[PDB]
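Trainee: Coordinates in data07.pdb, PDB, C-alpha atoms, are listed below.
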ATOM      1  CA  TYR A 248      30.704-206.502-117.616  1.00  0.00           C
ATOM      2  CA  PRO A 249      30.552-205.027-121.130  1.00  0.00           C
ATOM      3  CA  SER A 250      33.697-203.209-122.221  1.00  0.00           C
ATOM      4  CA  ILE A 251      34.965-201.373-125.299  1.00  0.00           C
ATOM      5  CA  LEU A 252      38.615-202.095-126.031  1.00  0.00           C
ATOM      6  CA  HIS A 253      41.061-202.114-128.897  1.00  0.00           C
ATOM      7  CA  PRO A 254      42.091-205.718-129.687  1.00  0.00           C
ATOM      8  CA  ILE A 255      45.556-205.133-128.191  1.00  0.00           C
ATOM      9  CA  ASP A 256      44.062-203.522-125.084  1.00  0.00           C
ATOM     10  CA  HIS A 257      41.636-206.425-124.850  1.00  0.00           C
ATOM     11  CA  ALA A 258      44.546-208.851-125.169  1.00  0.00           C
ATOM     12  CA  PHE A 259      46.368-207.217-122.257  1.00  0.00           C
ATOM     13  CA  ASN A 260      43.296-206.923-120.030  1.00  0.00           C
ATOM     14  CA  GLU A 261      42.195-210.485-120.815  1.00  0.00           C
ATOM     15  CA  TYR A 262      45.654-211.786-119.960  1.00  0.00           C
ATOM     16  CA  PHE A 263      45.527-209.922-116.649  1.00  0.00           C
ATOM     17  CA  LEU A 264      42.063-211.318-115.896  1.00  0.00           C
ATOM     18  CA  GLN A 265      42.889-214.900-116.898  1.00  0.00           C
ATOM     19  CA  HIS A 266      46.286-215.169-115.150  1.00  0.00           C
ATOM     20  CA  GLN A 267      45.807-213.630-111.719  1.00  0.00           C
ATOM     21  CA  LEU A 268      48.287-214.619-109.015  1.00  0.00           C
ATOM     22  CA  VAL A 269      45.728-214.942-106.201  1.00  0.00           C
ATOM     23  CA  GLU A 270      44.721-218.434-105.095  1.00  0.00           C
ATOM     24  CA  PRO A 271      42.186-219.728-102.554  1.00  0.00           C
ATOM     25  CA  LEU A 272      43.341-219.686 -98.937  1.00  0.00           C
ATOM     26  CA  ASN A 273      42.120-222.074 -96.243  1.00  0.00           C
ATOM     27  CA  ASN A 274      43.292-223.321 -92.864  1.00  0.00           C
ATOM     28  CA  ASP A 275      44.893-226.337 -94.549  1.00  0.00           C
ATOM     29  CA  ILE A 276      47.148-224.103 -96.651  1.00  0.00           C
ATOM     30  CA  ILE A 277      48.201-222.090 -93.595  1.00  0.00           C
ATOM     31  CA  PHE A 278      48.866-225.264 -91.608  1.00  0.00           C
ATOM     32  CA  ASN A 279      51.030-226.670 -94.404  1.00  0.00           C
ATOM     33  CA  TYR A 280      52.782-223.294 -94.624  1.00  0.00           C
ATOM     34  CA  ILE A 281      54.231-223.910 -91.155  1.00  0.00           C
ATOM     35  CA  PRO A 282      57.500-225.897 -91.368  1.00  0.00           C
ATOM     36  CA  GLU A 283      56.788-229.584 -90.868  1.00  0.00           C
ATOM     37  CA  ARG A 284      59.454-230.132 -88.206  1.00  0.00           C
ATOM     38  CA  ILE A 285      57.861-227.357 -86.140  1.00  0.00           C
ATOM     39  CA  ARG A 286      54.411-228.927 -86.520  1.00  0.00           C
ATOM     40  CA  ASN A 287      55.814-232.241 -85.258  1.00  0.00           C
ATOM     41  CA  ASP A 288      57.642-230.637 -82.319  1.00  0.00           C
ATOM     42  CA  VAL A 289      55.760-231.275 -79.074  1.00  0.00           C
ATOM     43  CA  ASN A 290      57.291-228.173 -77.478  1.00  0.00           C
ATOM     44  CA  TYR A 291      55.153-225.938 -79.720  1.00  0.00           C
ATOM     45  CA  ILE A 292      51.351-226.031 -79.605  1.00  0.00           C
ATOM     46  CA  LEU A 293      49.835-224.692 -82.826  1.00  0.00           C
ATOM     47  CA  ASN A 294      46.123-223.923 -83.130  1.00  0.00           C
ATOM     48  CA  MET A 295      43.882-222.484 -85.841  1.00  0.00           C
ATOM     49  CA  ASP A 296      41.583-220.104 -83.953  1.00  0.00           C
TER      50      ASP A 296
ATOM     51  CA  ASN B 741      45.222-236.941 -66.997  1.00  0.00           C
ATOM     52  CA  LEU B 742      44.902-233.233 -66.241  1.00  0.00           C
ATOM     53  CA  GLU B 743      48.515-232.931 -65.079  1.00  0.00           C
ATOM     54  CA  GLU B 744      49.776-234.288 -68.401  1.00  0.00           C
ATOM     55  CA  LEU B 745      47.383-232.000 -70.277  1.00  0.00           C
ATOM     56  CA  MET B 746      48.664-228.946 -68.400  1.00  0.00           C
ATOM     57  CA  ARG B 747      52.299-229.997 -68.846  1.00  0.00           C
ATOM     58  CA  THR B 748      52.070-230.684 -72.588  1.00  0.00           C
ATOM     59  CA  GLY B 749      49.465-228.059 -73.477  1.00  0.00           C
ATOM     60  CA  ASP B 750      47.937-230.234 -76.217  1.00  0.00           C
ATOM     61  CA  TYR B 751      44.159-229.806 -75.921  1.00  0.00           C
ATOM     62  CA  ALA B 752      43.247-231.648 -79.132  1.00  0.00           C
ATOM     63  CA  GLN B 753      41.975-234.796 -77.411  1.00  0.00           C
ATOM     64  CA  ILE B 754      39.958-233.070 -74.689  1.00  0.00           C
ATOM     65  CA  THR B 755      38.551-230.557 -77.177  1.00  0.00           C
ATOM     66  CA  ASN B 756      37.492-233.368 -79.512  1.00  0.00           C
ATOM     67  CA  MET B 757      35.874-235.292 -76.656  1.00  0.00           C
ATOM     68  CA  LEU B 758      34.045-232.209 -75.369  1.00  0.00           C
ATOM     69  CA  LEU B 759      32.788-231.171 -78.807  1.00  0.00           C
ATOM     70  CA  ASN B 760      31.645-234.715 -79.656  1.00  0.00           C
ATOM     71  CA  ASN B 761      29.965-235.361 -76.272  1.00  0.00           C
ATOM     72  CA  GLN B 762      32.149-238.423 -75.705  1.00  0.00           C
ATOM     73  CA  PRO B 763      31.959-239.629 -72.072  1.00  0.00           C
ATOM     74  CA  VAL B 764      35.269-239.101 -70.281  1.00  0.00           C
ATOM     75  CA  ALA B 765      36.829-238.676 -66.835  1.00  0.00           C
ATOM     76  CA  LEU B 766      39.165-235.735 -66.227  1.00  0.00           C
ATOM     77  CA  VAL B 767      41.500-236.994 -63.496  1.00  0.00           C
ATOM     78  CA  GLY B 768      43.440-234.707 -61.188  1.00  0.00           C
ATOM     79  CA  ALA B 769      43.195-232.658 -58.036  1.00  0.00           C
ATOM     80  CA  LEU B 770      40.462-230.128 -58.804  1.00  0.00           C
ATOM     81  CA  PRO B 771      38.494-227.598 -56.778  1.00  0.00           C
ATOM     82  CA  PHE B 772      34.729-227.961 -56.890  1.00  0.00           C
ATOM     83  CA  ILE B 773      31.677-225.824 -56.170  1.00  0.00           C
ATOM     84  CA  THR B 774      29.268-227.294 -53.620  1.00  0.00           C
ATOM     85  CA  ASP B 775      25.788-226.332 -54.848  1.00  0.00           C
ATOM     86  CA  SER B 776      22.828-227.415 -52.714  1.00  0.00           C
ATOM     87  CA  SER B 777      20.132-226.007 -55.027  1.00  0.00           C
ATOM     88  CA  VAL B 778      17.711-228.532 -56.515  1.00  0.00           C
ATOM     89  CA  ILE B 779      16.750-226.025 -59.213  1.00  0.00           C
ATOM     90  CA  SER B 780      20.421-225.794 -60.179  1.00  0.00           C
ATOM     91  CA  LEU B 781      20.530-229.575 -60.580  1.00  0.00           C
ATOM     92  CA  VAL B 782      17.351-229.587 -62.676  1.00  0.00           C
ATOM     93  CA  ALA B 783      18.863-226.811 -64.804  1.00  0.00           C
ATOM     94  CA  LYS B 784      21.886-229.090 -65.413  1.00  0.00           C
ATOM     95  CA  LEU B 785      24.456-226.455 -64.474  1.00  0.00           C
ATOM     96  CA  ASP B 786      27.123-229.083 -63.753  1.00  0.00           C
ATOM     97  CA  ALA B 787      27.236-229.859 -67.482  1.00  0.00           C
ATOM     98  CA  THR B 788      27.918-226.204 -68.369  1.00  0.00           C
ATOM     99  CA  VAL B 789      31.349-225.861 -66.717  1.00  0.00           C
TER     100      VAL B 789
ATOM    101  CA  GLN C 839      38.606-197.759-138.279  1.00  0.00           C
ATOM    102  CA  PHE C 840      36.684-198.202-135.053  1.00  0.00           C
ATOM    103  CA  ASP C 841      34.392-201.240-135.228  1.00  0.00           C
ATOM    104  CA  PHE C 842      31.888-201.671-132.410  1.00  0.00           C
ATOM    105  CA  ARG C 843      31.468-205.410-132.987  1.00  0.00           C
ATOM    106  CA  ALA C 844      35.234-205.988-132.873  1.00  0.00           C
ATOM    107  CA  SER C 845      35.613-203.774-129.773  1.00  0.00           C
ATOM    108  CA  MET C 846      32.757-204.944-127.527  1.00  0.00           C
ATOM    109  CA  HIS C 847      33.824-207.643-125.072  1.00  0.00           C
ATOM    110  CA  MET C 848      32.511-209.170-121.852  1.00  0.00           C
ATOM    111  CA  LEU C 849      35.198-208.959-119.179  1.00  0.00           C
ATOM    112  CA  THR C 850      34.794-211.597-116.467  1.00  0.00           C
ATOM    113  CA  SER C 851      36.236-211.698-112.956  1.00  0.00           C
ATOM    114  CA  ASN C 852      35.256-212.479-109.375  1.00  0.00           C
ATOM    115  CA  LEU C 853      32.778-210.325-107.488  1.00  0.00           C
ATOM    116  CA  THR C 854      34.963-209.887-104.404  1.00  0.00           C
ATOM    117  CA  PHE C 855      37.689-211.515-102.349  1.00  0.00           C
ATOM    118  CA  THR C 856      40.185-210.558 -99.650  1.00  0.00           C
ATOM    119  CA  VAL C 857      43.904-211.189-100.172  1.00  0.00           C
ATOM    120  CA  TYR C 858      46.077-212.026 -97.162  1.00  0.00           C
ATOM    121  CA  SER C 859      49.855-211.740 -96.814  1.00  0.00           C
ATOM    122  CA  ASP C 860      50.759-212.919 -93.295  1.00  0.00           C
ATOM    123  CA  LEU C 861      49.592-216.528 -93.168  1.00  0.00           C
ATOM    124  CA  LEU C 862      51.303-217.229 -89.838  1.00  0.00           C
ATOM    125  CA  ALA C 863      49.227-214.454 -88.261  1.00  0.00           C
ATOM    126  CA  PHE C 864      46.349-216.955 -88.472  1.00  0.00           C
ATOM    127  CA  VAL C 865      48.264-219.434 -86.270  1.00  0.00           C
ATOM    128  CA  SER C 866      47.932-219.295 -82.489  1.00  0.00           C
ATOM    129  CA  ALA C 867      51.375-220.471 -81.380  1.00  0.00           C
ATOM    130  CA  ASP C 868      52.250-221.338 -77.783  1.00  0.00           C
ATOM    131  CA  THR C 869      55.132-223.158 -76.115  1.00  0.00           C
ATOM    132  CA  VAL C 870      55.419-225.561 -73.195  1.00  0.00           C
ATOM    133  CA  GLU C 871      57.215-224.371 -70.086  1.00  0.00           C
ATOM    134  CA  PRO C 872      60.972-224.571 -70.806  1.00  0.00           C
ATOM    135  CA  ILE C 873      61.434-226.866 -67.800  1.00  0.00           C
ATOM    136  CA  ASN C 874      59.376-229.471 -69.698  1.00  0.00           C
ATOM    137  CA  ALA C 875      60.846-228.866 -73.161  1.00  0.00           C
ATOM    138  CA  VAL C 876      62.083-232.088 -74.764  1.00  0.00           C
ATOM    139  CA  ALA C 877      64.465-232.972 -77.580  1.00  0.00           C
ATOM    140  CA  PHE C 878      63.977-235.204 -80.630  1.00  0.00           C
ATOM    141  CA  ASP C 879      64.225-238.327 -78.436  1.00  0.00           C
ATOM    142  CA  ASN C 880      61.345-237.155 -76.167  1.00  0.00           C
ATOM    143  CA  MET C 881      63.745-236.699 -73.240  1.00  0.00           C
ATOM    144  CA  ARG C 882      64.082-233.287 -71.638  1.00  0.00           C
ATOM    145  CA  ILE C 883      66.659-231.030 -73.276  1.00  0.00           C
ATOM    146  CA  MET C 884      68.290-230.330 -69.900  1.00  0.00           C
ATOM    147  CA  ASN C 885      68.115-233.063 -67.259  1.00  0.00           C
ATOM    148  CA  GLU C 886      70.539-231.866 -64.540  1.00  0.00           C
ATOM    149  CA  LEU C 887      67.768-230.559 -62.301  1.00  0.00           C
TER     150      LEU C 887
END
Would you write the structure of this file as structure tokens?
Mentor:
Amino acid sequence: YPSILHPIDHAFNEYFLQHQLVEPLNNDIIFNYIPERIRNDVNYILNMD
Amino acid sequence: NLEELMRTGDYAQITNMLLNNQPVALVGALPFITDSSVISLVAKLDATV
Amino acid sequence: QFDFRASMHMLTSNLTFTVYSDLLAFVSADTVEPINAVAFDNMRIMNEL
């Protein structure tokens, strides 16, 4: 989008745009998020539905 | 073995075999429906259960 | 002084995404019956049955 900004305002907004904290999320990331010893425990059945 | 599947609750193998159309035999005391309809057999209802 | 050339920028971002917080909410977690729960050595936790 076009924008009109002072160079300092542009610096701040560009930094915010270029350094966002969000990252892609998939089932693999969620599965790895579970503790490994719980994923290897046969007493717990984990599914990605 | 259906008893082992029910005891452990891990449906990964059976789900993979059912999704991939891999011939298998589910072994264990099961109830069954006795269907005497020829049209039901032609419709292949036994494969839908 | 205000300069249009030095103030006009093209800000770039994504069109849309959804951010999630509870990753474990995406996990369907179940447990075996406690009678059949086993320890690290694959033997039942409690055997005096």
Trainee: Please expand the ChimeraX specification (/A :<8) & /B into the concrete residues it hits in this file, giving the result as a list in words.
Mentor: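 Selection result, ordered by chain and number: residues 748, 749 and 750 of chain B.
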Trainee: Hey, what comes out of the PyMOL selection byres ((chain A) within 9 of (chain C)) on this file? Could you write it as a PyMOL selection string?
Mentor: chain A and resi 248-254+257+260-261+264-265+269-270+272+274+276-278+280-281+288-296
Trainee: Using all atoms listed in the file, which of the listed residues (C:859, C:884, C:873, C:879) sits closest to chain B?
Mentor: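 Between C:859, C:884, C:873, C:879, the residue approaching chain B most closely is C:873.
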Trainee: Mind giving me the straight-line distance from atom CA of residue 766 of chain B to atom CA of residue 783 of chain B in Å, one decimal?
Mentor: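 Atom CA of residue 783 of chain B lies 22.2 Å from atom CA of residue 766 of chain B.
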Trainee: Select, from B:781, B:789, B:768, B:773, the residue with the minimum atom-to-atom distance to residue 745 of chain B, counting only C-alpha atoms.
Mentor: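 Ranking B:781, B:789, B:768, B:773 by distance to residue 745 of chain B, first place goes to B:768.
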Trainee: Taking all listed atoms of segment 281-291 of chain A, build the axis-aligned box, pad each of the six sides by 3 Å, then write its centre and edge lengths in Å to one decimal as AutoDock Vina command-line options.
Mentor:
--center_x 56.8 --center_y -228.1 --center_z -84.4 --size_x 11.2 --size_y 14.3 --size_z 19.9
Trainee: Using atom CA of residue 771 of chain B and atom CA of residue 755 of chain B as the two end points, give the distance in Å to one decimal.
Mentor: 20.6 Å
Trainee: Distance atom CA of residue 775 of chain B-atom CA of residue 763 of chain B, one decimal place?
Mentor: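 Between these atoms lies a distance of 22.6 Å.
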